[PDB]
Each structure stands twice: as structure tokens, then as C-alpha cells.
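Engineer: Here's a sequence, model it:
(3 chains, ligands or ions: 6)
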Amino acid sequence: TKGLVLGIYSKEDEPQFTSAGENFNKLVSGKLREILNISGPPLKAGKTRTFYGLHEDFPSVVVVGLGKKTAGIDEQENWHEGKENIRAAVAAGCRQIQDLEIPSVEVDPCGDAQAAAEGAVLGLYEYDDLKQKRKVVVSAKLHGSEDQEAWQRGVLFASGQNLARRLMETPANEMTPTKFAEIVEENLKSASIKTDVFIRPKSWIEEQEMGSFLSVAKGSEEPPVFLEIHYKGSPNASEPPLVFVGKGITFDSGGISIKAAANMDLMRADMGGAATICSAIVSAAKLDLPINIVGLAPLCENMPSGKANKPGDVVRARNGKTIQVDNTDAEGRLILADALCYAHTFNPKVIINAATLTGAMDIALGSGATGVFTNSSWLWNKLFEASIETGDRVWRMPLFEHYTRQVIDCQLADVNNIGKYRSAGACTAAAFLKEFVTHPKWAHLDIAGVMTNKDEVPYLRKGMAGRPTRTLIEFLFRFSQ
Amino acid sequence: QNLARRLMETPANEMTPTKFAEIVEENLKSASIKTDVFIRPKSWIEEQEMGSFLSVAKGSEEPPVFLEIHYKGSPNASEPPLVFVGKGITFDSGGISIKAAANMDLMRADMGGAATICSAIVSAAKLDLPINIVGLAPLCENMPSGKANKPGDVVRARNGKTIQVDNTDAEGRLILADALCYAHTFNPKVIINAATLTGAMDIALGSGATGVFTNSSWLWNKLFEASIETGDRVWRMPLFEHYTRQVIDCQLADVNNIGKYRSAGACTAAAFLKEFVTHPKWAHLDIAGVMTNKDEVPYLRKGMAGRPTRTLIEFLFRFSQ
Amino acid sequence: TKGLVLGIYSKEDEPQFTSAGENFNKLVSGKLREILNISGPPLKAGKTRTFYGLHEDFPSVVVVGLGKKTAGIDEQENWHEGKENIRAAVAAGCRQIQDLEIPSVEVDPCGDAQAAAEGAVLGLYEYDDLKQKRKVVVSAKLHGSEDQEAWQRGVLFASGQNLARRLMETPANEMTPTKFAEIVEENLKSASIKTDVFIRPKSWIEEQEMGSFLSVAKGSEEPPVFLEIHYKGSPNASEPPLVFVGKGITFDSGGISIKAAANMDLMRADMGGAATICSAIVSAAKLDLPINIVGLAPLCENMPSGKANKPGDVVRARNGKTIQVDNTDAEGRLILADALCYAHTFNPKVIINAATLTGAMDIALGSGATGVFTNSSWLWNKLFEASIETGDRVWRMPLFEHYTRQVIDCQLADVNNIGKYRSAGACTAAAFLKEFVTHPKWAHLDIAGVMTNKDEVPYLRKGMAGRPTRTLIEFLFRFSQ
Ligand SMILES: [Zn+2]
Ligand SMILES: [Zn+2]
Ligand SMILES: [Zn+2]
Ligand SMILES: [Zn+2]
Ligand SMILES: [Zn+2]
Ligand SMILES: [Zn+2]
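Structural biologist: Residues are numbered from 1 along each chain as shown, chains lettered A, B, ... in the order given. Ligands and ions are numbered 1, 2, ... in the order given. Right below this line is the structure:
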């Protein structure tokens, strides 16, 4: 009927199976173990082998490599390695059932039903929607009935990611400042009726003295929308919130300080900051987490025109500070100078903000870890531990005065959107945003190196990554618990 | 520090692979008679099967010198050492994979790795610290010529691994593939290496902190605490497999001096060097963002910085105590 | 024991097998046909499926897609498509036996024992030699005993290519002007004792008034070698020859007119011209073809130094013409101004020359076809027909006066190594070489777009391509016959 992803570890006396496959072997009377011997060398990590006709109702059975049974937290990779073995491994497996065009598949729990589900679901995702030429659409259910809410936690966590991924990936002519707001509101509302959405327009933004956000919007003839998300998780609604903030440029052409044509099509995912955090709130509502969260996202585009933002311009942020706009591509910093100010209105506990802010971050760590600068070691630890579980690493970076200094000197104004020099790129951009924040537990996450995947993360196919949505969701689960 | 600074700063026509060795030996010897120096030449290097170091040297008509420093600090001389390693390109023009003229005069301080660590050993001898330290530094220049290192070349490091040399400016990685191998000969405790290795480090942290990747959290802490005292900060960076992978795939050879992509610049370069090290307490310090000062560090005037020599010295004082 | 690459076509009533697999089905008593049904959807062109334990002595059996049985010459692709199906298809198959680490494999003739062998052999090749980390070394023999000299013709033709490929691919510090000469001489001599080699040195070159070749060599401190190959194929030795000529820069850095670092490591294959043609003569000697062929190749490197060739320089070719050397990267043209002159000494019939000459050729056709300019429609046809058989296409390009004109005007000298403008890149370079040739049947083949493979040619793995060695060999077989 349908396919099966089964698993095996690496040697003891005979390389063992995850019990479900030990059990499926008994079932086809040793003929799985036996054909695996006949096939060739053993299956190391995330390597795959397909065995036809072993079972009457499982014509294709893919056995995938899970590595060492007792693989655990790694001091060097700063993750739980087991989970990582299982994700790459059942992603691998699920992508094999899928090339065989088997529309459904049952997955071996592999000792961690959540890693299995985060592998099967992140593993299989594409964004097929505008290609009339699509791969088969395969339904992936758990094999078994024992470990069900952890597999659904995998499906949940990986699905919150695939949403950031679709929200990122879609061409920015479809994915506008209005359409993103609309899908996020429909997604947050299906998640919890204990929610409110506000797709606030230019009049409200104008009214909110958001000059910096608004200066950025004006080049395009596409409407700005400041989005406001509310999740009423706590028992007493009056609990102070945890506010997520995120930059939402639907398309970044650089503006007058215009980008080069080389691969500029990826700028459609410069709204990755707004996508990431939104998908993460949708998931804590889906999880129905005992915390009140607020989601904030400036949405607009960065375009050249007869009325675009010019180099040398002093605009005013909500908080009275003026910014010299010396480079029109440094606009996420400006979009975020106002949504960050508005975050203090809400009286929060933690203000996590996220943004595909600078390529220098990409030069720095470049898809290994997502750089997070925070004036809070508590907050750092909190993020870093979630990174170990989820596997979507996060690395700390310096919010030293050293850097505020280069952005704080300014010919016309109070702050300047770029620093005096080329060096320390992600650090000057983060020390510019510190100027718009006075809350003690603040964290900037620069998502610009983890924007994309190719081969680096296994269980993620080539394209927009939606990183770090699960670390973020894992942080709010641990914080709620 | 001001010694690393003078050793950095001097125009690389004066500050050669032979003159650096000579000033370091005179400085280490005035510091302690409990020292030995070896300004080992091309014949010794050739003999030490240092193909990677040696491939780099061949473009220039200026002699290579592998420098070897010994400080006999311990009571029992047989104590295992702490080996410092450091890249010493007296001048980096990029070679055939040649640099742009814009401010290339600063490449005279691409021997900053060898300067930093040397100045730091001279100081622990001056301090007469109860530890045996060993200083190792490939010195040579990177030049274009009729016999320079070409793009696409497989050379062999001392340890049998071959390197595809796809970019002749990635040469500190190669100079350091052999001095790092030789460091394990000495049976060390800690192998601290230091190098003005990549500009991407400069794009990363850029003179705030000196990026240090280490397979040793103990070593990280040890460095980071010294940074707090001295003020010459040091920031940790990732020595993740993620990065070994992009350098470990290679058309002709075993390792490749640059990675498949532009991203994670300092991390691929550091995960290439991990391939030449098997010791548990290893630390790469990329000095390329702290190479220079202007206004950023106050008490340092404009020019070569000599960073992080004092964090390094402070670490050996705390380690000896 | 060992593996088996079997084949199947696309539908009739039930998609048929190449008879060997019809026969292997009878042998495991229908259980191959039967498991193929159980496996999933049918195998279209060059798609693959592995079936373990069907046979006692064939544990892994890969069935590969051969497409339509009656696939033939294509008016649009200008090839025999069948052969092409079979190459990509048993390459695919053989690369699957090889990941299973089965050291030997038997290949289904697939209706054309030569295409099967050109697929198995080009398909499996790597250049593993400097990696201590190598894939398994798999021996590929024919399955069967009926069609043996055509399979050996595949093995021959594909092996002459893998030689150009190894001769190209090796890092130019190993593959010198002396080492190439040495491997070619050992290869030509194992091929036929009816051969002579001359690894002529700088003194001979100096003596041969080869100022243009020699100007190029002088930047490097690596010795020039002009190589001279002789294959005495004819009955009467006095038959006029067919002279192949080819540029052999072991490494091209551009010289003083120096290349950019971006991917310059591939310049090690700027000796691809000398490799291609040499490998092609070695094969006609291996074939023992009734023709006398002469192989000519300037070998040297292009380097910057205290005595490198400078921009603006007038050097003298063997034939009295002077060249303004305005760009030191236009050196293949110069290396070839002298080997082409020397070709007329031999009193030839056809002078085929080949060179990784210009990137503009790569901008032009770019790995589809290898551009061949010829003052001989006869020669064009002759080449183009060989292209249809082998599949390694060749496209004609213009040797119009139009282009001689831009290279023929010159401030200091008679000819100039680059033309007045950017346009028509491969055409100016070829109309410069026409100036050094007076023979009626001349053909320049610019190999610079077919220098490399990735995914474009299936049965060739990523790396140096060795194109068009088989079209070239096929031309000399047809010319000898
Ligand atoms: Zn921008
Ligand atoms: Zn942006
Ligand atoms: Zn360099
Ligand atoms: Zn360097
Ligand atoms: Zn050239
Ligand atoms: Zn060339």
C-alpha cells in the first residue's frame, strides 16, 4: 500500500535496529535482516537502502542509518547529536519513499518521536505551489501508537518552521506587506481564539510618529503595514508579555543605495525576521503555552523611485533620535528603530527581535549558527540551551560600546545607519539597535547567514530555511514551563 | 606588546624571515639564559617534509626560516610544554592570487601571528614563569614570480595530507598546516596558535575582540578570564563540523585551502587547521581584526597594534601560578 | 559475488527488457519482472533501481532506464540519441554498483556494446590519486560473450578520453611541460611500436625560430618542451599525414595581464588542447588505423615575473610575422602561431588544431558543442558526422574576413593577439590563427566551453571533461576506413 522508514544503528555483534524494525523483521520472518546482509556494507549515519516487497502492505521499506544508539549532547557541536542523527536520517528515508511516488509513509519513532517527525516534515517540504510540475504529496504518519504527543510536537515544531519557510520563500509580488499580515492572522487565529490581530496601516504608523519605518516605506508604491500579534496565554491576562519584533522588508533592492543584480532574488526573504518570529508565536498558541506573547513586525518594501529615501538623510525615530541614512540598504536597522520603541509600551519581560539584518553576519558564522547579541547572559543561556535541543544553533556576538561609538558619531544627527568603517559589520548594526532599546533583557538575532539552506542542514531541502523558528518556540515552551 | 608592535610595524624589506628570528632570539636571550633558539633553514624544513610551508616560500627569492624558541621555566625540565605557533608571512601580496593595491602596505603585518606569540614567550621568560614554553613560527614571504605557487596545486603537508591550493592568498593556513604538526612532536599541554589569518574575522568582530576557536572550553575560559584583566578581549567562535565539511570535499586532494562558499570565512579557515591538529587542548586565535589601531583602543596610537600579546602573557602567568 | 547493470525500455504492453535481462529474468524465474512491478512506477531514461538478492551470484542488480528502443538520430540534438540513452543509463547503473562498494560489475550490452562501454568507463572515472580517501575500484566487464570488439571499442574510445581527462585534471605542479610529454610518450609507445616521440627542448625551439612560443614560455622558470608525436599507420610510410596541433599551457595565470583569483585553479586545464589531441592519436595507434598522424603540442606555462612577457610587445613567429602582444593572457594564440607553421613542414592532408583558447566560446555555446571554425566544409562535415555518432557535439563558427580585419590592424606589428573590440571573441582569436596557416583543410577547435563537466553530460562525473577526444578518434577511424 504505502511505504515505511525503518532504522538501524551501528555495531555491537550485529548492528541493531530501532525496536519497530526488529519487530517488522520478526513479522516478515527474518527476511529484512537477511536481505540487509545480502545488500552490501552497513548503513552509517543518514545513509539509506530500499528493500522492495518485504511486506504485503509495505512494498517499499527504506532502512536509514541512525548512527550510535547512545549519541548524545556534543561539547563541540553544541547540540544533541542523536536528534540530529534521526532528523537527517528519517528526512533521507522520507525523500526516498517520495521519489518512489508513494503518497503515504509510516515512520519509525527512532527513539525520539519528535526528531523523527521534525525529520519527516522538514525533510519533505518544498513550496510546489507555483510549479505545475510538482513531486508526489506524501502523508507522513507515525508508525505505531505508543509515542503520540511527542511526534505531534515534532509535526508542530517543524510545521511552524515550514510556515516561516513558505512565508519567506514566496515571490515578494505575491507575499506583500498586506498578504503576509493576512496569512499570519489566519494562522494565528486557527491556532488560538485567545488572540487578537492588528494589521495597522500607514495612518496609524504616521500617528505613531514612526518616521524611521515610514522613510523606508516611501520609495515603493506598496503599502506599509505595522503588524501587531497578541497571544493571551497566561491565566491572569495582566501578566507582562514577551515581545517578539522582526524586520519585514517583502523585497529588498537596496533602494537608491541599490543592490547588484547577482542573486538579488533572495531579497524576497528579507522579511525572514518577521516570518521567523510570527511562525514561532503561531506555534506557542498551537502549543497553548501559559504566557502572553506580543508579535511586532514592520512590513514594507525597499525600492528606488522619484520619492525614495536618499543618501544623507535625517529622519526621526519614534523616540526623538535622528538617524543619518547614509546607505538606504541599511533599512532593517531603521524599520527596527521604531518597532523596538513600541515594544517598550507593552511593558515586556524579554524583547526578542529577529532580522535578516547584515551580510557580514553571513561572512562571520554563515549558516552554522544564528548570531544573537544580548545584554542578558540569562537570555543568552536561555537561547543557547534551546539550541542544543532543537539543533538550530545560535552563537553569541558582542554588544560592546566599542561599536556603539562608531555609529554614535554623526555629522548631521544622533545615530547613523552604518558605522565609520567596514569591520565588525554585524556588531555596529546591532549596536545601533541598542540605541533604540532600554529594556534589560533584550536580544537581537541576526538571521542573515541562516536565511538559506543547500546541503548544510540535511533534513532541509535547498531554499529558504526558516531558521531559527524551532529554537525560538523551544525557548517559549521552557519559559512557560 | 610594543615589541610585537615593532616586530609587526617595521617595513617587510627590513623585517625579513631572518631579521625577525634574529631580534626574537636577542630578545628571548636577554630575557633568560634558560633558553635555546633555532633559526632552522630551508634544508631543515625540506628535511622535515614541510611541503605546505615550503610551497608558500618558493614564490619569493627571500629565504624561509622555521623559528624554534625554548623557555625552560619548570624545575624539572621534563615537564611537557605549552607550545605557541604563529604565522609569519613578512609580507603578503597574495601571490598569483594577488591582492589589490588598496592599502596592501599593511601586509607587512601578516607576520603578526609570529610576532604576537614570540613577544608573549619573551615576556614569560622576562617574568621567569615556572613553565616550559616552545615557540614555533614559519617565516617566509608570499610573492608572485616565475616559480610562485599556482592556483589548483596539490602540495603535501608533513602529516601526509594533501591540500588543493585554490587560492594562493589562503597561505597562512598552509604555513600553519606544518608548524601545527610539528607542535605535536613536543608532547604539549596546550597548543596555542595565532595568526592574522582572514579578513572575514575582521568583518565579523573587527578589532573588538580577537576571535579564538578552541576544542577546549577549559582553554576558552582560561583565555577569556585573562581578557577580563588585560582588557584585550577575546571572543569565542565555532569549530563546528559544518565547516570542516566544506573544506574536506576536494576535487584533487584531501583538504582545500578555501571552502566551497564565501560565508563563515574565519570558520572554514579554522576548520581547515583542525585537520592538522589531534591534540585535545588546541586554540586558534585569528588576530586579523586586531591587527591595527586608530582610535578604538585609547592608549594605543594609530598603527600596528600587537594584540593580544598581554592576554596571552596573562594566561601563562595564571597557568604557571 | 559481483553486481549487474541490466536494462529496460519504455512501454508496449509491458515495458520490455534488453534481451540479457529478459534472460536473467527467466533465470531467477520471473522474480526480477515481478519485483519491478512491486517496486513502484516504471523507469524512464537513465533512472535507476536496485534489486538485492535476485541472484545467487548477483546480489545487487541495478535495472536502468534506456528509453525508447527505437530512439535514433535526432534532427535537433544532432546526435544518435540511443547511444546517449545507453551511456547515461549504464553510467548511472555503474555508479550505483560502485556506491554499494561492489568491486566488479557485469554490464548489459544494451543493444550497442560500445555505448554501454563508453557509459560504464566514462561514467565510473575520477582521478582519485591524490586523495587517500577514494571510492571503490570497480572492474567493469561485459555481460555476455557475443558482442566483444564493439565493447572493447567503447572501452578504447572512453579510455582515450579518461587519459585527456587525467592529463587535464592533474594539478599543474605535477603535470608539467616535461611530465605531460613523458606520459604521452609512454602511452603512445604502449599503443604502437610504429611510433616515434620527440620531447624537443628550448634549444630546438630557439633553433626553430619559434619566437612567439618562446616569448610565452619565458615568464615561468619551468622549461618549455615542444612535443612531436609520430604514428606510422599507413602501408606506404610516404603517405602525407594528418597533423594534430594543440595548446599546452600547463598552468595559465594570465601572466602580467593577470587573471582574477576566482576559480583560477581550473587553468591547469589550459593544456586541454594538447591533452585532447594526444589522447586522440594514442587511441588511433591503439586502434591501429591505416593512416600516418603527427601530433604537435607547444607545452609551457604562463606566469608573471621579472622576465615575463609585457604588454605591447612585438615578438616574431617562425613565419616572419610579428605579433603585438597587447594582452599576455591571449598566449594560446601565440603558442599556436608557431606549432601551426611547423605543421606545414610535414606536408599534411588535414591540420586539426585544438585549444582551450577563449572564454568567449564559453559565453557562446558553453559546453553544448565545441566550436570548430574551418576553411573546409568537407572537414566540417567530417567532424560534424563523427559528432552525431559519439554524442560529443561540435558546432561550426565563422572564419570570416570581417574578423581578420580587426586583428590585422596593428600599431607596431603585423598581427595583434587581441582584436580592436570585445565582440566576436572566439572569432578574432580564430581569425588571428588563420594568419599562421596556408593549408586548405584547416580546422580550429576551441575547447574552452567543453573544458569542464558538472551535470550537463550525464555519464561524465564533475571535473575535467576531456572533450572532444572521441569525436576526434571517430573522425580518424572514418578517415582511415
Ligand atoms: Zn538592505
Ligand atoms: Zn534589508
Ligand atoms: Zn594571504
Ligand atoms: Zn596571509
Ligand atoms: Zn590566457
Ligand atoms: Zn590560455
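
Engineer: right, is the longest strand anywhere in chain A up against ligand 2?
Structural biologist: For chain A, the strand with the greatest residue count under DSSP state E is strand A:293-302. No - Strand A:293-302 lies apart from ligand 2 when judged by Cβ under 5 Å from the ion; the minimum separation is 6.3 Å. For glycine as for every other residue, the C-beta is placed from the backbone atoms N, C-alpha and C.

Engineer: All the strands of the stretch 201-350 of chain A, residue numbers only.
Structural biologist: A:225-231, A:242-246, A:248-252, A:293-302, A:313-316, A:322-325, A:350-355 (DSSP state E, counting those that start in this stretch).

Engineer: related to what we said a few turns ago, partners of the longest strand of chain A, with directions?
Structural biologist: Strand A:293-302 pairs in its sheet with strand A:225-231 (antiparallel), strand A:242-246 (parallel), strand A:248-252 (parallel), by DSSP bridges.

Engineer: Tell me how far residue A:220 lies from residue C:345.
Structural biologist: 70 Å (Cβ to Cβ, to the nearest Å).

Engineer: more neighbours, those two?
Structural biologist: Legend: neighbour count by other Cβ atoms under 10 Å in any protein chain shown for residue A:220 and residue C:345, higher for residue A:220 (22 against 12).

Engineer: isn't there a helix covering residue A:91?
Structural biologist: Yes - checked against DSSP: H, G, I helix; E, B strand; the rest coil, residue A:91 lies within a helix.

Engineer: To what extent is it buried, counted in neighbours?
Structural biologist: Residue A:91 has 28 nearby residues by other Cβ under 10 Å.

Engineer: And residue A:44, by the same measure?
Structural biologist: Neighbours of residue A:44 (other Cβ under 10 Å): 11.

Engineer: And for residue A:152?
Structural biologist: By other Cβ under 10 Å, neighbour count at residue A:152 equals 15.

Engineer: And it, which helix or strand is it part of?
Structural biologist: Using DSSP states H and E, residue A:152 maps to helix A:148-169.

Engineer: elements contacting that helix?
Structural biologist: helix A:113-124, helix A:177-191, helix A:272-287, strand A:463-464, helix A:469-480 (3 or more Cβ pairs under 8 Å, 6 or more residues apart in numbering or on different chains; DSSP states H and E).

Engineer: Among these, single out whichever gets nearest to ligand 2.
Structural biologist: Among the helices and strands packed on helix A:148-169, helix A:272-287 comes nearest to ligand 2, with 8.9 Å by Cβ to the ion.

Engineer: quick one: buried residues of the closest one?
Structural biologist: A:272-287 (16 or more other Cβ atoms under 10 Å in any protein chain shown).

Engineer: is it possible to export the strands paired with strand A:293-302 to a markdown table including mean neighbour count?
Structural biologist: Output for the strands paired with strand A:293-302, formatted as a markdown table (neighbours: other Cβ atoms under 10 Å in any protein chain shown):
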| stretch | mean neighbour count |
| --- | --- |
| strand A:225-231 | 24 |
| strand A:242-246 | 29 |
| strand A:248-252 | 28 |
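
Engineer: among those, which is nearest residue C:225?
Structural biologist: Evaluated with Cβ to Cβ, these place strand A:248-252 nearest to residue C:225, the distance being 54.7 Å.

Engineer: Could you give the number of residues near the residue of the stretch 351-481 of chain A found nearest ligand 3?
Structural biologist: Relative to ligand 3, the nearest point of the stretch 351-481 of chain A is residue A:363 (16.4 Å; Cβ to the ion). Counted with other Cβ under 10 Å, residues neighbouring residue A:363 total 25.

Engineer: Which SSE is immediately downstream of the regular element (helix or strand) spanning it?
Structural biologist: Following DSSP H and E, one finds residue A:363 within helix A:359-364. For helix A:359-364, the succeeding helix or strand toward the C-terminus, using DSSP H and E, is strand A:370-374.

Engineer: neighbours around the residue in chain A that ligand 6 sits nearest to, how many?
Structural biologist: Residue nearest to ligand 6 within chain A (Cβ to the ion): residue A:262, separated by 26.1 Å. Residues lying near residue A:262 (other Cβ under 10 Å) number 6.
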